[PDB]
Every structure is written in C-alpha cells, then in structure tokens.
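Residue-level listing of the chains:
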Amino acid sequence: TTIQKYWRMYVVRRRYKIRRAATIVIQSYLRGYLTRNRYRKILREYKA
Amino acid sequence: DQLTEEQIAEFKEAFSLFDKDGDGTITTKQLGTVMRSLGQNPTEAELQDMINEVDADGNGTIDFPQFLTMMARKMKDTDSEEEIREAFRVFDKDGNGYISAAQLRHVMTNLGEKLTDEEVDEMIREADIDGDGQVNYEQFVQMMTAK
Amino acid sequence: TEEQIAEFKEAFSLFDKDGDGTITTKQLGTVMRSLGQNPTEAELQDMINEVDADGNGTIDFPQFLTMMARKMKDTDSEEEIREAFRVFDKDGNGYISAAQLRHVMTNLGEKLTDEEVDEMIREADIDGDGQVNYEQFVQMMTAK
Amino acid sequence: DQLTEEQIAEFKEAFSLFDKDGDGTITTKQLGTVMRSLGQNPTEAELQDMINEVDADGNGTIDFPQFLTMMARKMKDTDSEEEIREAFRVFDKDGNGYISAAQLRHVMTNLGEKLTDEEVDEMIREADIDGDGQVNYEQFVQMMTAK
C-alpha cells in the first residue's frame, strides 16, 4: 500500500510538473506575438 | 509547523487548477488528485481520514485553511525513500534488487489498495521493468527519492 | 548574425525615449517579448536579476547581446509547442478545446488575463467547446 | 557653426522668398516651409521642438540669428535612402518591394501625421506613381535623391 500510494503520487506530480512547465513556455510564447505586434506597430509609426 | 509562502503559492496555484467550478471548493476525488499532484504522501485510508476530518462540518469540499493544515501535517509525516527500498528488497524474493514484473504487479494490486492494470502498465513504462527479464528497481526508487 | 544585432540596436534606440543608450528593466522585458523570444516568467525574472545584479536598472549593449544569445537558446521550436498541446489534447489529433486551454493557461504559471485569453482565442479561432487546431496558430505567432 | 557666404546668401534668398511682407519676422507655419524647402530633412516632432524653441525666444517669429543657430544644429542630420527603402518594404504587406499607391496612402495617412489628400495626390503626381498599381521603389529613390 505504501509503494502504491508513493508511486501514484510521484508519477502524477511528475506529469503535473511537466504540464506546468510546458504551459508556462506556451504562455510566454503567447505573450510573445502580442508584444511582437506592438513592436511592429511602433516601427510602422516611426517609418510613417 | 506552517507552510512557507512559496509552497502556499504553489498549492494555491494547484487549487485554482482544480477549481473547475472556480468557487474555491475541492471534491474529495479532486482532493486526492491534488494530493497525488503535490507529492504529499497519504495512505488511501489516511486520505479518507483527512477527507472526514475536512467533512466534520459536512460540506464535502476542502477549503484553503484546512488545506494548509493537513499539508503541514503531511510535511510533518516526512516518509523516507530508504524505507521504500527496504520494502522493495522484502518484495524482491531474489533480494538482489531485480524482481519480475508479474510478481510486482500481483503484490502491487492484490494487497490493500487495489490498482487497475492500466496503472500497473504505466508504472512498468515509468520503471522500464521487463515482464520476463528482471529489471532493477533501484533506478525507479532513485526517481522516487526526488518526490 | 550581424543584421540581427543591428536590428536589436535599432529597437534599443527606438524604445529608449530618453536616448540614454541603456533600456529600463520594464522596457527590457517588453522588448524581450517583442523581439520574438518567449521568456518564462521565472526565467524572465532570473535574467532580470542577472542583469540588475549591478543594481543600475539599465541594460548595457554587450551584456544585452550575451543574453540575446541566452534568449535564442531559450527559444523553443513550434514542434515542442504542438507536442505539448497534443499532450494536453485529449483527442491527440491536434484539435483541442479552447476552454481547456484557457483554464490551463490561466491556472498554470502566470495568471493569464481574460482580455489576453480572448485575444488568443480569436487569433487561434478555436471554439471553447469545439475541437480546433492549435498548430497554425503556433506558426503564425512564430511568423509575427 | 558658421557656413560659407554662399550658404547664407541662399538662406537669405529663401528668407526673402517666403517673407511675403519682407518684415524679417516669419511665423512658424511659413518657417517650416522655409526649413523643408531649404534642404533640411526635419521630423515633424523636430519641427515642433524648433517651434517650442522659437516660442521660448518669443513671438513665434523667426529671426536670422535664430535661423542661423538652428541651421547650425540642423545640418548635422543626414539620412540614407536605404533606410527609407526598408521602411517602404516593411510598409508593403507582401514584402516583394511593391506597394499600391492607394495602400501606401492609407498606411501613411491613417497613422502618423495626418497629411492632407491633396499632397498625397501631389505624391502620386510628378513621380509617375500608378494609383491602382504597386509603386515602384526606384521612383521613391529618385524622389528622395531630389529631396
């Protein structure tokens, strides 16, 4: 029983941490394109 | 015995993760999934004990203060992975650290907390155990040590 | 390449409104996200603290280029994002629900604002309950 | 910074030109036209900065000493047509180096300084700019070469 509980919790924690890291990278990438759009708008205004 | 604000923030983050309703309530099954996700170390019987301690009022959902309370209890528990290694050695009939996957599955499922074959196959994949050939569990308990 | 460094200097000068020649930490992060790299909030603060260990709050160009090298190392290909989404996707065919993505993104790591959630939902044109592809969304974010 | 005699002669010739009254105190609106026709490449923000300096000097009217001083601060500016070509290319949506005259007009007028439609047509005119067709960048190169 101890090994069952320990195994299942460690596996779930590991998968949860992997998912959290992947989604944090995804969130950074999503902020990326909006910031790129703002920077492109600034460049476009300066060129105008 | 109080959780550090870093662990408090991480556990509130997981709390919001499981806030499918979003009102600050956690189901008992949702609480068990949270327990597995956080790496805290209860027994299924201990899980039911924590559940009924929460449900002494009868709400059936877990709030954040009592959440921090049993998390303090759980870090006070502080199980050791060397005990897990000794349990494996007792489980290992050979005693050399190499035990067949069939024996592991049988002992793993037919004692106390029964497990589905899907979970056993997932553990085999995680522990790279071979059904026929003996595969050392020392690597998998080394990964257990990370918690 | 040299053209990349020249464009980085151009952005450095244009963002600097006072023209001092060294950007501010808030401007630093803004241009970090604007230049194309994807800074995770923990590592974003990590590089912020590494730069501001001197405490000036201003970013000099040589160290700026060095941590541009750090950023381009940090940059993740579209394939990793698609694989992560597929792992999150129950179907596994590249079609994922937007509601699940919204909740996962908001809860995990940084808190994602509702306006930003709507922004990425409209960009990806993924229905909240429907199963729509996340991939072309990833490539068009990369292209921008 | 003091220029040659011919420089100041040309400057005073333009001074007499735009001085419809010949008083010697020219308002800011006409001073901007003087600056642009004289050979400078002034930013509208830089023009407004010059206007603020004139207003600090007072009366919003230019004098030839102030005129020569702001010459001395303005000749230092120099622009390369490659940068403007890159600006037009990034203005171009397709990125092939060819942007429609209507699209160019809309892109230039919607943001930045709200340049009037008649001077946009004057851009189209005298440069063989095709209204519906995409604008040749060599036309713009020649226009900036003529300044």
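Residues numbered from 1 in each chain as written, not as in the entry; some residues may be left out. Chains lettered and ligands numbered in written order. Part of a larger assembly, values for the part shown. Heavy atoms only, no water.

- Structure determination for the deposited model, as stated in its record, used cryo-EM, and the stated resolution is 4.78 Å.

- Chain B is annotated in the PDB entry as Calmodulin-1 from Mus musculus.
- Of chain B, the UniProt comment under Sequence similarities reads exactly: "Belongs to the calmodulin family." (UniProt positions renumbered as here; feature names shortened; annotations may be inferred.)

- By the naming in the PDB entry, chain C goes by Calmodulin-1 and is assigned to Mus musculus.
- Chain C has a UniProt comment under Sequence similarities that states "Belongs to the calmodulin family."

**Examining the overall build of chain C**
- Across its full length, chain C holds 8 helices and 4 strands.
- Going residue by residue from the N terminus, the α and β elements of chain C occur as α-β-α-α-β-α-α-β-α-α-β-α.
- For chain C, the spread of C-alpha atoms along the three principal axes comes to 50 × 30 × 25 Å.
- Here chain C, with 144 residues, has 42% of them falling under the buried criterion.
- Here the analysis covers contacts within chain C between residues at least 6 apart in sequence; of these, 62% occur between residues at least 24 apart.
- When the 14 basic and 33 acidic side-chain charges of chain C are each reduced to a single mean position, those positions are 2 Å apart. (Helix = DSSP H or I, 4+ residues; strand = E, 2+ residues; numbered from the N terminus. Buried < 20%, exposed > 50% of the residue type's maximum accessible area, 1.4 Å probe, protein only. Contact = heavy atoms within 4.5 Å. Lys, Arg positive; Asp, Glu negative; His and termini not counted. Charge placed at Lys NZ, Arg CZ, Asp CG, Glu CD.)

**Overview of the arrangement of the chains**
- By number of contacts, the leading pair among the 4 pairs of chains in contact is chains A and C.
- Across all C-alpha pairs, the smallest distance from chain B to chain D is 41 Å, and the two are not in contact.
- Nothing in chain C touches chain D, and the closest approach of their C-alpha atoms is 11 Å.

**Some details on the packing of helix α1 (residues 5-17) of chain B against helix α4 (residues 64-77) of chain B**
Residue and element names in this part refer to chain B.
- For the pair α1 and α4, the least separation of the axes is 11 Å and the interaxial angle reads 125 degrees. With respect to α4, the element α1 is oriented oblique. Crossing of α1 against α4: the hand is right-handed. Counted together, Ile8, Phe11 and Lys12 of α1 and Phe64, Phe67, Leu68 and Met71 of α4 form the full contact between these two elements.
- The class makeup of the residues in the contact of α1 with α4 is 6 nonpolar, no polar and 1 charged. (Axes fitted to C-alpha atoms, helices over the stretch in contact; angles between N-to-C directions. Parallel < 35°, antiparallel > 145°, perpendicular 65-115°, else oblique. Left-handed = near helix turned anticlockwise from the far one by under 90°. Nonpolar A, V, L, I, M, F, W, Y, C, P; charged D, E, K, R; others polar.)

**Quick word on the UniProt feature "domain: EF-hand" in chain B**
Residue and element names in this part refer to chain B.
- Residues annotated by UniProt as "domain: EF-hand" correspond here to residues 6-41, 42-77, 79-114 and 115-147.
- Overall, residues 6-41 shows 64% helix and 0% strand. The separation of its end C-alpha atoms is 19 Å.
- Across residues 42-77, the secondary structure splits into 69% helix and 0% strand, with the terminal C-alpha atoms separated by 9 Å.

**Examining the interface of chain A and chain C**
- Facing 23 residues of chain A, the contacting portion of chain C comprises 39 residues.
- Taken together, both faces of the contact between chain A and chain C bury some 3000 Å²; the carbon and sulfur share is 67%.
- Per-residue buried area on chain A facing chain C is highest for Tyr29, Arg31 and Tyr33 of chain A; these three make up 26% of the total on that side.
- Between chain A and chain C we count 2 salt bridges in total. (Buried area = accessible area lost by both parts, 1.4 Å probe. Salt bridge = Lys/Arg side-chain N within 4 Å of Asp/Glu carboxyl O.)

**Description of the nonpolar core**
- Of all hydrophobic cores here, the largest spans 24 residues; its most connected members are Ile26 and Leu30 of chain A together with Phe85, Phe88, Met105, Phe137 and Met141 of chain C.
- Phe88 of chain C has contacts with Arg19, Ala22, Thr23 and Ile26 of chain A together with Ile96 of chain C, leaving out every residue within four places of it along the chain. (Core = buried A, V, L, I, M, F, W, Y, C linked by side-chain atoms within 4.5 Å.)

**Examining the side chain of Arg33 of chain C**
Residue and element names in this part refer to chain C.
- One can find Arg33 in helix α2 (residues 25-34).
- Exposure remark for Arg33: the relative accessible area of 11% places this residue in the buried category.
- In terms of polar contacts, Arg33 uses its side chain to reach the side chain of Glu41, at 2.3 Å. (Polar contact = N/O pair within 3.5 Å; in protein donor to acceptor, adjacent residues only side chain to side chain.)

**Remarks on the packing of aromatic side chains**
- For the structure shown, the criterion picks out 16 aromatic pairs over all chains.
- Relative to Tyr137 of chain D, the ring of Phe88 of chain D lies with its centre 6.0 Å away and its plane at 40 degrees, an arrangement referred to as tilted. With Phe88 of chain D in helix α5 (residues 81-91) and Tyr137 of chain D in helix α8 (residues 137-145), this pair connects stretches of sequence that are 49 residues apart.
- On the basis of relative accessibility, which here comes to 15%, the residue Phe88 of chain D falls in the buried class.
- On the basis of relative accessible area, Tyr137 of chain D is assigned to the buried category, the value being 7%.
- Where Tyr98 of chain D meets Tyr137 of chain D, the ring centres are 6.5 Å apart and the plane angle is 5 degrees; that geometry is what we call stacked. Separated by 39 residues along the polypeptide, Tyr98 of chain D in the loop between α5 and β3 (99-100) and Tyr137 of chain D in helix α8 bring together distant segments of the chain.
- Connected via pairs of aromatic rings, a cluster forms that spans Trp7 of chain A together with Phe88, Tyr137 and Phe140 of chain B.
- One cation-aromatic arrangement involves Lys9 of chain C over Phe12 of chain C; the distance from NZ or CZ to the ring centre is 5.0 Å. (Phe/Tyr/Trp six-rings, centres within 6.5 Å; stacked < 30°, edge-to-face > 60°. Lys NZ or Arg CZ within 6 Å of the ring centre and 35° of its normal.)

**Things to note about the packing of helix α1 (residues 2-47) of chain A against helix α2 (residues 28-38) of chain B**
- It is the contact of α1 of chain A with α2 of chain B, at a shortest axis distance of 6 Å, that shows an interaxial angle of 80 degrees. By the criterion of interaxial angle, the relationship of α1 of chain A to α2 of chain B is roughly perpendicular. Every residue of α2 of chain B that contacts α1 of chain A at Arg8, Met9, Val12, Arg13 and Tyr16 of chain A is listed here: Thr33, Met35, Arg36, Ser37 and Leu38 of chain B.
- A class-by-class count of the residues in the contact of α1 of chain A with α2 of chain B yields 5 nonpolar, 2 polar and 3 charged.

**Overview of α2 of chain C**
- By the criterion of burial, α2 of chain C is predominantly enclosed, with 7 of the 10 residues buried.
- Residues of α2 of chain C that are buried include every one of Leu28, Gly29, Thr30, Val31, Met32, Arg33 and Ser34 of chain C, and no others.
- Here the buried face of α2 of chain C lies against α1 of chain A together with α1 (2-15), β1 (23-24), α3 (41-51), β2 (58-59) and α4 (61-74) of chain C.
- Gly36 of chain C, located one to two residues past α2 of chain C, shows a positive phi value of around 120 degrees.

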